[PDB]
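Peer 1: Below is the sequence, then the experimental coordinates.
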Amino acid sequence: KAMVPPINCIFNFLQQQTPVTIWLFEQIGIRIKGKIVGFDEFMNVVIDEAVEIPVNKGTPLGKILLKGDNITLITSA
Amino acid sequence: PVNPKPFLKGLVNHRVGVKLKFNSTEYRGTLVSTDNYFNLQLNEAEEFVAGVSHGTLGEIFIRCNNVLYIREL
Amino acid sequence: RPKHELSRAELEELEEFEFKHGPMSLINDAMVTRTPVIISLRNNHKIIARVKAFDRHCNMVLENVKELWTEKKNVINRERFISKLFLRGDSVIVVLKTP
Amino acid sequence: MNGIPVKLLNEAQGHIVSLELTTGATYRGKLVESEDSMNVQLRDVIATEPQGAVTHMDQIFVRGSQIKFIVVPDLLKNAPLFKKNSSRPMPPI
Amino acid sequence: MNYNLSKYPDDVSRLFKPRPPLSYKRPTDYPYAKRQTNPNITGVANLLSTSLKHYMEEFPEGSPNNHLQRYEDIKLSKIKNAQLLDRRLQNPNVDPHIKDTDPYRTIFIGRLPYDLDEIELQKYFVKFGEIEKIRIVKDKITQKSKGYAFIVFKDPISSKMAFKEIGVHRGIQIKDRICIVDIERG
Amino acid sequence: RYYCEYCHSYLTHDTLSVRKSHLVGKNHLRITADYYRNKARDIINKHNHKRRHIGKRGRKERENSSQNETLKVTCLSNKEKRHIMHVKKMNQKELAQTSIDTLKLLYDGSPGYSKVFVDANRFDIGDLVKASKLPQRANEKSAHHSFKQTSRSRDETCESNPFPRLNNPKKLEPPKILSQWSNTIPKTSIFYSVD
Amino acid sequence: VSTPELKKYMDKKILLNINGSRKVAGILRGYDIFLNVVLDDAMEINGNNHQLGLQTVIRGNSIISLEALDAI
Amino acid sequence: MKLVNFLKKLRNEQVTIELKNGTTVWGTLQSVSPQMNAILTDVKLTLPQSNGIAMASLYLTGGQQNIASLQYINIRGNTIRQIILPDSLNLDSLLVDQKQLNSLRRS
Amino acid sequence: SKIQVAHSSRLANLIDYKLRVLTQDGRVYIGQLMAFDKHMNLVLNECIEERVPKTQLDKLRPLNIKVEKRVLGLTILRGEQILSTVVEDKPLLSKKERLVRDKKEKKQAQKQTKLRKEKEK
Amino acid sequence: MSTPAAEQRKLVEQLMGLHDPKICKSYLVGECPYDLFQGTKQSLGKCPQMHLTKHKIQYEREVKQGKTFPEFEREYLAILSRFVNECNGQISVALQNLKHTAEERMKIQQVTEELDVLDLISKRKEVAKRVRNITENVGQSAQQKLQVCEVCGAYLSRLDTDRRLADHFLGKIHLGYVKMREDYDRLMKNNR
RNA sequence: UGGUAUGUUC
RNA sequence: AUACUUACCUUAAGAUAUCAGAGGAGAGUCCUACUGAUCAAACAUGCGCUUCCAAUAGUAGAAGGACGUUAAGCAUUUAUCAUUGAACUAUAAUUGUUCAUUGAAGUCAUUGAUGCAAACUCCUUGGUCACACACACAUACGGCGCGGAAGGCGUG
């Protein structure tokens, strides 16, 4: 088709407002589910309606400015 | 639509919570100031080890090295 | 504002303005009022000491250091008094100031 | 600017080298095209995981920060990058 | 090892027969799945309760900072010098040496010589118009020529033409220096 | 800015597209290959001899060694040793460049000759052969050779060439012998060979 | 500074490895100067299977290497 | 306002350095890079009361015969956890910050 | 090891010394440095990488220690996963011989520049 | 930039009604001619109108389902027609230079001196003289041997093989100009 | 105001 | 080698050790083949300084190894899971025992891996140097030869 850079990929992912599964660091880290509302150049992603589930009973979290250095992987659930 | 810098300048003077990378240190207090490297300054913070509290701390400076996220209640 | 397009050789004035009116208000208050602060580090080395200098990397000079850690086997607390210390901002988890 | 080691890594392009990763996996293969950021691409790759097993990749591309070291062949022992007093023949204006 | 993609000929490739593959052994460190720092770091509230009472009892007073005090003394001296400069600069209508006529015909010549005389300055100023008054300004603490003078001519147009002719040609060559002329800027 | 240590040529601001194209052009290839050949030849040809350590030898070793015999030293003139060392250098380089190629020409009519020995339908390193063809952007490099390619495809089966003796094979090469020791060959053969 | 040479991986299936075991096999749709990898039809492979949505973007900090699963 | 220039004024100072691995290094400073790559001589280093990686790093440096006595050690910046200065040195005269004084005078 | 490493030397002066460089793992590399940079990326000639096994670590904890040595030859090691470097063994040729060699290299480089100036004319 | 973080910050600051003169309409539709000739030898300098990615994404989302704007398409058609007219004038100047090089004064004098001596046995002598004149004309044309590119207006060669020609066709100028010709032909097929 | 590489003719 | 076409690109800045004083230039800045002090580099130079430099009045030995042998040396430890069939101990996704059909990858290595220990052989290095095969020492050792290698301190 064409090339889709990651900044425009996250920008289209922001426009579509799909349900989001954001992963993090390993076994200490906890997988978060929410919806993206804002990001920046250091990949500090702002998410809303966050429910956290540990690695294989979720708890609501609200609105979160997740920092960049722990973000590993972003999927559309 | 929004960016982390206007959301974080508007996050000043609110009971916010910050989780660290270690899953045993969570500081919940009132945000005072934040720079462009996103260092955090809180007041009357409370320690949360795995959910349970230990005591009040007060004016505290949380380094952006060990933060994981900041939340708004 | 972008960092590379501000100015030349005037970034130190903006760094001092961020030092006076930013997140550095606690490291500035501790070095002018000589109050002891408690720095928790990334390897359980809690330091009670007074701040002597400030750095952009949070490299801090500490005087009359009383440091304490806990060995968990069973549970013992081992402390040490060190006169002068130059602490790197890599190790610093958090800095607490007492009133 | 760049420096001598990244020029040496860009020097041995198209040669059998052996990488070791930070996890412990050792790669070995022919270097396709090295870069200044050391994000290097290898071909006919034989891989050894830290568990111990041996496998074979066709076309690998590893990032420069996850590299322990890389072994260049021995004929690059004598290189003009190693010369200390090599003068410069009239750089252009 | 036998056939290559390499652009080099076979005589180069026989010189580029590489090293034998590395003898793998078992690793020593923890794998990157287990590479992390220490968990369960306790809070610092226990040090502020018990350890702070013993820490303040051993050192009730801190050491003075001589470098911070010297920097504060330098900042206070700079502030006092700026205040003295503002008081000296803030404190043309209350000057008896500037009690001449209006500044439309009164030009000012600066950076003149220290050993000049009023007769040569009057002869230089009366060449492009009739001069009504001339006054060389000096310091109040010492009787030294600072190189400044004010010449009020009879007409404003002749004084402006004299100032333009004296300041256009890189300053008027007054006998040991180049003194330019301009408006009084009162 | 960029400077090639090999070609001794400068460049503009360091662009990866220009630096990549510089290591492909033929002048850089010639200078780099000649430099590597000369540095390898220098580190082979450098006879780093050991520094000699002569001690005051024992007495009985001197009465034993100076009475046994005195050997004869052989020595040659300048052109003789020059010609002999030049022949030894060409022999060393022709032994370093050669290799035994009997298995390639001995299994030439094998049914899997087009899958292993053809070196282009090989599985692991055949993509490396098919990738860099040296695509001959000069017309003279493509118009110079006028012979056949004889590219054996992988799809050649056992139905083609059923009898390997009717399709004319080659007689195998004799075992080559050393030319300096060729005068001790048995001049009389065992059987009568014609032609 | 320099854009990485992932042009040969334009329409081919690749397999990223994440930190010792997380093998995400996808189709590379785009990259940056940070080795952030955009994958269409991602798939987690464990030594079992797990699907990872339609599109995904993966941080270059956790990316170590990548195997070109498809021929070039 | 980097305090590596404070350590550049600390030549021939007999200090200790605790590293992030856990090793205490007693030795005199010779020079320090602005990236805080500090060289030391007349060194003895000790791993206190464990970390087997730190014990391997302690023994595999030559000169063990667990106090290891070494002649010259360069230490990278990111491996430095903290450095302890001798108490006899006056910190009020070495932290004068003449570059900061020139920057304040230039303002 | 009675080498007496120089008391006021840096990486420009420690060149062509048989280093014994330590890493974060403890995988000690022994070899001659020939280049460095700002990130301290060290090329190593005739290098050997030595480790200790996990079974030998119990004996090392408070004698003979059987280290595992692998041969790398000419490698190029990064400055991220290294911890410390020392000088283990002195090189073959001395300081005066390196000075005469550097003067011969300078004279050869000046002769090469004269040859380039002659070929340019 | 020397750091990639400032490059990513620049990408964020340039990535984050609509009918305004600040938006480049040739880039809003797509393939602006000031973008396809940025750093080459045929560069036009710098585009005075601003280029944006969010406006391009909004225009793509509008042209996907919502609607289309004919004014920006007409402006892009006018810009493509002006650039195609300038390139056709450059190609006509190159063809006139080739015709002047083929009709030089000394070359025509040598050709007339060869044809003046060109005049069964007489027919065979005339055929040999015509073959010699054709060989002289081929030797005169082989001194340059530069053809004219039918699309991009550059110079080509007939004796050159297809690999160097394929290296010639994969450039920024040729890909951009073939894309502009495809857009111009599509707009002329839609308008007529 | 230029550099690198490549293809033709003398 | 000249002449021409084509493909890519056309540049992050500022500065060259520090402190004090005097003079000059229209509180701030610049300069002095200006003066004192510290530091750095280079070249010489000396400190009864610090460490090392291998028999030959024998057939040896010091340092570093063998990616060398005895050596398959001696002592230990492992070499896949699930469904079902004929019995079955049985809290498991019948785990345990004997046999098999099938299903996914499936390191080679068991002459393997770890620990222990001796002997033999071979590689790189040297001042393999000048006199002599000699009676010194509590202030423990006449360091008062020609050098070389590494380093410390001091002077120009």
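Peer 2: Thanks, I have the structure now. Residues are numbered from 1 along each chain as shown, chains lettered A, B, ... in the order given.
Peer 1: Helix or strand: which one has the residue of chain F found nearest chain A?
Peer 2: Among the residues of chain F, residue F:17 lies nearest to chain A; the distance is 17.5 Å by Cβ to the nearest Cβ. Bear in mind the C-beta positions are built from the backbone N, C-alpha and C, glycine included. Residue F:17 belongs to helix F:16-22 when elements are defined using DSSP states H and E.
Peer 1: any residues touching that helix, and which ones?
Peer 2: Contact partners of helix F:16-22, identified using Cβ atoms under 8 Å, 6 or more residues apart in numbering or on different chains, comprise D:33, D:35, D:36, F:2, F:4, F:7, F:9, F:11, F:12, F:28, G:2, G:3.
Peer 1: Please identify which of the residues you listed is nearest to chain C.
Peer 2: residue G:2 (18.4 Å).
Peer 1: For the residue positioned nearest the centre of chain G, list the residues it contacts.
Peer 2: Taking Cα atoms, centre = their mean, the centroid of chain G lies closest to residue G:16, which sits 4.3 Å from it. Listed by Cβ under 8 Å, 6+ apart, the contact partners of residue G:16 are G:23, G:24, G:25, G:26, G:37, G:39, G:58, G:63, G:65, G:66.
Peer 1: near RNA strand K too, which of the contacts of helix F:16-22?
Peer 2: F:7, F:9, F:11, F:12, F:28 (Cβ under 7 Å from any atom of the strand).
Peer 1: And the helices in chain H?
Peer 2: When assigned using DSSP state H, the helices of chain H occupy the ranges H:4-8, H:52-59, H:91-94, H:98-106.
Peer 1: Just give the number of residues close to the residue of chain I found nearest RNA strand K.
Peer 2: As assessed by Cβ to the nearest atom of the strand, RNA strand K sits closest to residue I:120 within chain I, at 12.6 Å. For residue I:120, the count of nearby residues is 8 (other Cβ atoms under 10 Å in any protein chain shown).
Peer 1: Counting neighbours, which of the ones next to RNA strand K among the contacts of helix F:16-22 end up buried?
Peer 2: Neighbour counting with 16 or more other Cβ atoms under 10 Å in any protein chain shown marks F:7, F:28 as buried within those.
Peer 1: beta partners for the residue minimising distance to the centre of chain B?
Peer 2: Nearest residue to the geometric centre of chain B (Cα atoms, centre = their mean): residue B:18, 3.6 Å. Applying DSSP bridges to residue B:18 gives these bridge partners: residue B:27, residue B:70.
Peer 1: Distance-wise, check it relative to chain H.
Peer 2: Residue B:18 sits 24 Å away from chain H, going by Cβ to the nearest Cβ, to the nearest Å.
Peer 1: check whether the helix ranked longest in chain C contacts chain B.
Peer 2: Longest helix of chain C, by residue count under DSSP H: helix C:11-20. Yes. Using Cβ under 8 Å from any Cβ of the partner chain, helix C:11-20 comes into contact with chain B via residue C:18.
Peer 1: Over to stretch A:46-63?
Peer 2: Yes. Using Cβ under 8 Å from any Cβ, we find that stretch A:46-63 touches chain B at A:46, A:61, A:62, A:63.
Peer 1: Would that stretch count as contacting RNA strand L?
Peer 2: No. Stretch A:46-63 is not in contact with RNA strand L by Cβ under 7 Å from any atom of the strand; minimum separation 12.2 Å.
Peer 1: Nearest residue to the residue in chain G positioned nearest to chain C in space, ignoring adjacent ones along the chain?
Peer 2: Chain G approaches chain C most closely through residue G:1 (13.8 Å), counting by Cβ to the nearest Cβ. Ranked by Cβ to Cβ, 6 or more residues apart in numbering or on different chains and with sequence neighbours excluded, the top spatial neighbour of residue G:1 is residue J:4, at 6.2 Å.
Peer 1: Likewise for residue H:57?
Peer 2: For residue H:57, ignoring the flanking residues on the chain, the nearest one in space by Cβ to Cβ, 6+ apart is residue I:26 at 4.3 Å.
Peer 1: Correct me if wrong: the one you found contacts residue H:53.
Peer 2: Yes. Using Cβ atoms under 8 Å, residue I:26 is in contact with residue H:53, at 5.7 Å.
Peer 1: what bridges to the residue nearest to the centre of chain G?
Peer 2: residue G:24, residue G:66.
Peer 1: any idea how far residue D:61 is from it?
Peer 2: 10 Å (Cβ to Cβ, to the nearest Å).
Peer 1: Give me the common contacts of the two.
Peer 2: Joint contacts of residue G:16 and residue D:61 (Cβ under 8 Å, 6+ apart) are G:65, G:66.
Peer 1: Which residues lie in contact with whichever residue of chain C sits closest to chain E in this structure?
Peer 2: Nearest to chain E, among the residues of chain C, is residue C:34, at 3.4 Å (Cβ to the nearest Cβ). Residue C:34 is in contact with C:50, E:62, E:63, E:64, E:65, counting by Cβ under 8 Å, 6+ apart.
Peer 1: These, buried ones only, as a ChimeraX selection?
Peer 2: Per 16+ other Cβ under 10 Å, the buried members of the contacts of residue C:34 correspond to this ChimeraX selection:
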select /C:50 /E:65
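Peer 1: Can you list the buried residues in the longest helix along chain E?
Peer 2: As assigned by DSSP H, the longest helix anywhere in chain E is helix E:66-90. By neighbour count with 16+ other Cβ under 10 Å, helix E:66-90 contains the buried residues E:67, E:68, E:71.
Peer 1: Tell me the one of those nearest residue A:35?
Peer 2: residue E:68 (49.8 Å; Cβ to Cβ).
Peer 1: and the gap between that closest one and residue H:97?
Peer 2: 10 Å.
Peer 1: Touching stretch F:112-132 from outside, list them.
Peer 2: By Cβ under 8 Å, 6+ apart, the list of residues contacting stretch F:112-132 reads D:30, D:43-44, D:56, D:58, E:2-7, F:104, F:107-108, F:110, F:151-156, G:71-72.
Peer 1: Okay, strands next: where are they in chain A?
Peer 2: For chain A, the strands defined by DSSP state E cover A:20-22, A:31-38, A:45-53, A:59-66, A:73-76.
Peer 1: Residue I:68 bridge partners, please.
Peer 2: Under the criterion used (DSSP bridges), residue I:68 bridges to residue I:51.
Peer 1: got it, and residue D:33?
Peer 2: residue D:41.
Peer 1: Could I get the contacting residues of the nearest residue to residue G:52 once chain neighbours are set aside?
Peer 2: Excluding its sequence neighbours, the residue lying closest to residue G:52 (Cβ to Cβ, 6+ apart) is residue G:42, at 3.8 Å. Going by Cβ under 8 Å, 6+ apart, residue G:42 touches A:75, G:24, G:25, G:26, G:51, G:52, G:53, G:55, G:56.
Peer 1: helix, strand or coil for the residue of chain E found nearest chain I?
Peer 2: Closest contact between chain E and chain I, by Cβ to the nearest Cβ, is at residue E:29 (4.6 Å). Following DSSP: H, G, I helix; E, B strand; the rest coil, the label given to residue E:29 is coil.
Peer 1: Residue I:25 is in contact with that one, correct?
Peer 2: Yes. In terms of Cβ under 8 Å, residue E:29 counts as a neighbour of residue I:25; the distance is 4.6 Å.
Peer 1: where do the helices sit along chain E?
Peer 2: E:10-15, E:45-46, E:52-58, E:66-90, E:118-125, E:156-168.
Peer 1: Other residues contacting the fifth one?
Peer 2: For helix E:118-125, the surrounding residues in contact (Cβ under 8 Å, 6+ apart) are E:109, E:112, E:131, E:134, E:136, E:149, E:151, E:153, E:162, E:166, E:172, E:174-175.
Peer 1: so residue H:80 touches residue H:38, yeah?
Peer 2: Yes. Judged on Cβ under 8 Å, residue H:80 makes contact with residue H:38 at a distance of 7.1 Å.
Peer 1: Need the overlap of contacts for the two.
Peer 2: In contact with both residue H:80 and residue H:38: residue H:17, using Cβ under 8 Å, 6+ apart.
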